[PDB]
Amino acid sequence: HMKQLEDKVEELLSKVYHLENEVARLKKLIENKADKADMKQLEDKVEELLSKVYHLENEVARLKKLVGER
Amino acid sequence: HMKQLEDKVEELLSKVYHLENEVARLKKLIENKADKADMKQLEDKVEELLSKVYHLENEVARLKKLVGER
Amino acid sequence: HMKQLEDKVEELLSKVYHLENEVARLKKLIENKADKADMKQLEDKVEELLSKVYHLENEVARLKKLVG
């Protein structure tokens, strides 16, 4: 009876140890995931560069038209 | 006495089962997040592009000046 | 024998509580991380940028020749 009850507790304890170790592995995975704030900062840079290129494209198109008349 | 300890283990049985399911869910949530390595790959390319845009800016300003008005 | 069984249950009781808290903590941490769908969108924007840069370099080289 007490031997049977301690068998169940031991089975549960074994599961918990396994789960503890798995969660430690997952904690490490999470540390290696990219933060939203960092992605946003890179996105802002890309958008800054895309706007610079946009205005450059317009100017080059303008200049191309002007020189094509001369 | 033993009945009350069984009732405690019955409670813990359920908690361990729920924990197993929560950890499975956490593992799925983790898989939907991007790795830092993926972000750094993009960052490396943006670094290349930053220099190219700088050079383009200088070249286009030089050309705008040369061309002048109509 | 009865004290040993009670201590085994105490061990389980404590570890379950501790692991519940840790899993909840990690759940919260996850919410601050970037989704793969969003990184893929950024990857496509970076593609957009690199293509436009190459195209513009070529346009500028041609214009530069024409002006010079």
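Numbering of residues starts from 1 on every chain and follows the written order of that chain's sequence, so it may differ from the entry's own numbering; residues lacking coordinates are omitted. Written order decides the labels, with chains lettered from A and ligands numbered from 1. Water and hydrogen atoms were dropped before computing side-chain values, which therefore reflect all heavy atoms in the structure. Residues with missing side-chain atoms are left out of burial classes, side-chain pairs and their counts.

Q: Looking at this structure, how should I read the overall build of chain A?
A: Going along the chain from the N terminus, every DSSP run of H or I of four or more residues is numbered as a helix, and every run of E of two or more is numbered as a strand. Along chain A, the regular secondary structure elements total two helices and zero strands. In terms of overall dimensions, chain A is more spread out than a globule: its C-alpha atoms have a radius of gyration of 31 Å, far above the 11 Å expected for 70 residues. Oriented by its inertia axes, the alpha-carbon framework of chain A measures out at about 105 × 15 × 10 Å. Each radius of gyration reported is based on C-alpha atoms, and the globular scaling rule is 2.2 Å times the count of residues to the power 0.38.

Q: Would you mind showing me how to read the overall build of chain C here?
A: Looking only at helices and strands, chain C features two helices and zero strands. Against the 2.2 N^0.38 benchmark of 11 Å for 68 residues, chain C shows a C-alpha radius of gyration of 30 Å, more extended than a compact globule. With respect to the three principal axes, the spread of C-alpha positions in chain C is 95 × 15 × 10 Å.

Q: So what exactly am I meant to see when it comes to the interface of chain C and chain A here?
A: The extent of an interface is frequently quoted as the accessible surface area lost upon association of the parts. With 36 residues of chain C in contact, the opposing surface of chain A contributes 33 residues. Looking at the side of chain C that touches chain A, the elements that each hand over two or more residues are α1 (2-31) and α2 (36-67) of chain C. Residues are grouped as follows: nonpolar covers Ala, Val, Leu, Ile, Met, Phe, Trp, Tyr, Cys and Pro; charged covers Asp, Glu, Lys and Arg; every other residue, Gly included, is treated as polar. Considering only residue class, the side of chain C that touches chain A consists of 21 nonpolar, three polar and twelve charged. We call two residues contacting when some pair of their heavy atoms lies within 4.5 Å.

Q: Looking at this structure, how should I read the interface of chain B and chain A?
A: With 32 residues of chain B at the contact, the number on the chain A side is 36 residues. Breaking the side of chain B that touches chain A down by element, the ones donating at least two residues are α1 (2-31) and α2 (36-67) of chain B. The residue inventory of the side of chain B that touches chain A, partitioned by class, reads 20 nonpolar, one polar and eleven charged.

Q: What exactly am I supposed to notice about the relation of the copies chain B and chain A here?
A: Mapping one chain copy onto the other needs a rotation about an axis and a shift along that axis. Between copies, superposition follows a least-squares criterion applied to the C-alpha atoms. Its rotation angle being 119 degrees, the transformation that places chain B on chain A also includes 0.4 Å of axial translation and leaves an RMSD of 1.7 Å. Here the symmetry operator amounts to a three-fold rotation axis. Using C-alpha coordinates, one finds that chain B approaches the rotation axis most closely at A34 of chain B, a distance of 3.4 Å.

Q: Whenever I open this one, the pattern of salt bridges confuses me. Can you help?
A: Should the charged atoms of two oppositely charged side chains come close, the side chains can pair. What makes a salt bridge here is a side-chain nitrogen of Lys or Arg within 4 Å of a carboxyl oxygen of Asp or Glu, nothing more. Under the criterion given, the structure shown has 28 salt bridges over all chains. For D7 of chain B, the salt bridge identified is with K3 of chain B, shortest N-O distance 3.1 Å. With a gap of four residues between them, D7 of chain B and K3 of chain B both fall in helix α1, about one helical turn apart. One salt bridge connects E59 of chain B with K64 of chain C, and the closest N-O pair in it is separated by 3.1 Å. Of the two residues, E59 of chain B sits in helix α2 while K64 of chain C sits in helix α2, which places them in two different chains. A single salt-bridge network, built from bridges that share partners, covers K8, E11 and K15 of chain A.

Q: Mind showing me how you'd approach the packing of α2 of chain B against α2 of chain C here?
A: For any two helices packed against each other, one specifies the crossing angle of their axes together with the interaxial distance. Interaxial angle, 0 to 180 degrees, is taken between N-to-C directions of lines fitted to C-alpha atoms, where a helix line uses only the stretch in contact. Between α2 of chain B and α2 of chain C, the least distance of the axes is 9 Å, while the angle of their chain directions is 25 degrees. The angle between the axes of α2 of chain B and α2 of chain C places the two elements in the roughly parallel class. In this structure, α2 of chain B meets α2 of chain C at a crossing whose hand is left-handed. Looking at the contact of α2 of chain B with α2 of chain C, its residues break down into 20 nonpolar, no polar and seven charged. Geometric relationships in this document are graded by angle, where less than 35 degrees denotes roughly parallel, more than 145 denotes roughly antiparallel, 65 to 115 denotes roughly perpendicular, and other angles denote oblique. Left-handed describes a crossing whose near helix is turned anticlockwise from the far helix through less than a right angle; right-handed describes the clockwise counterpart.

Q: Help me understand the environment of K65 of chain A, please; the structure alone is not making it clear to me.
A: Residue and element names in this part refer to chain A. With respect to the element layout, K65 can be found in helix α2 (residues 36-69). Type-normalised accessible area, obtained with a 1.4 Å probe on protein chains alone, sets the label of each residue: buried when under 20%, exposed when over 50%, and partly exposed for intermediate values. You can call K65 exposed: its relative accessible area is 55%. Between N or O atoms, a polar contact is any pair within 3.5 Å; within protein, one atom must be a potential hydrogen donor and the other a potential acceptor, and residues adjacent in sequence are included only when both atoms are from side chains. Polar contacts involving the side chain of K65 include one to the side chain of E69, which spans 3.3 Å.

Q: Just checking my understanding: could you explain the nonpolar core for this structure?
A: A general trend in soluble globular proteins is that nonpolar side chains are found buried together. Buried residues of nine kinds, namely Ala, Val, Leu, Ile, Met, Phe, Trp, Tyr and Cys, make up a nonpolar core once their side-chain atoms join them within 4.5 Å. Ranked by size, the top nonpolar core spans 31 residues in total, and within it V46 of chain A together with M39, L42, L49, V53, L56 and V60 of chain C carry the most contacts. Of all elements in the fold, only α2 of chain A, α2 of chain B together with α2 of chain C reach the threshold of two or more residues within this core. In terms of residue count, the dominant contributor to this core is α2 of chain A (eleven residues). Non-local contacts of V46 of chain A, meaning those with residues more than four positions away in its chain, are made with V46 of chain B together with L42, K45, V46 and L49 of chain C. The next biggest cluster of nonpolar side chains, apart from the first, holds 26 residues, and it includes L13 and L19 of chain A, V23 of chain B together with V16 of chain C.

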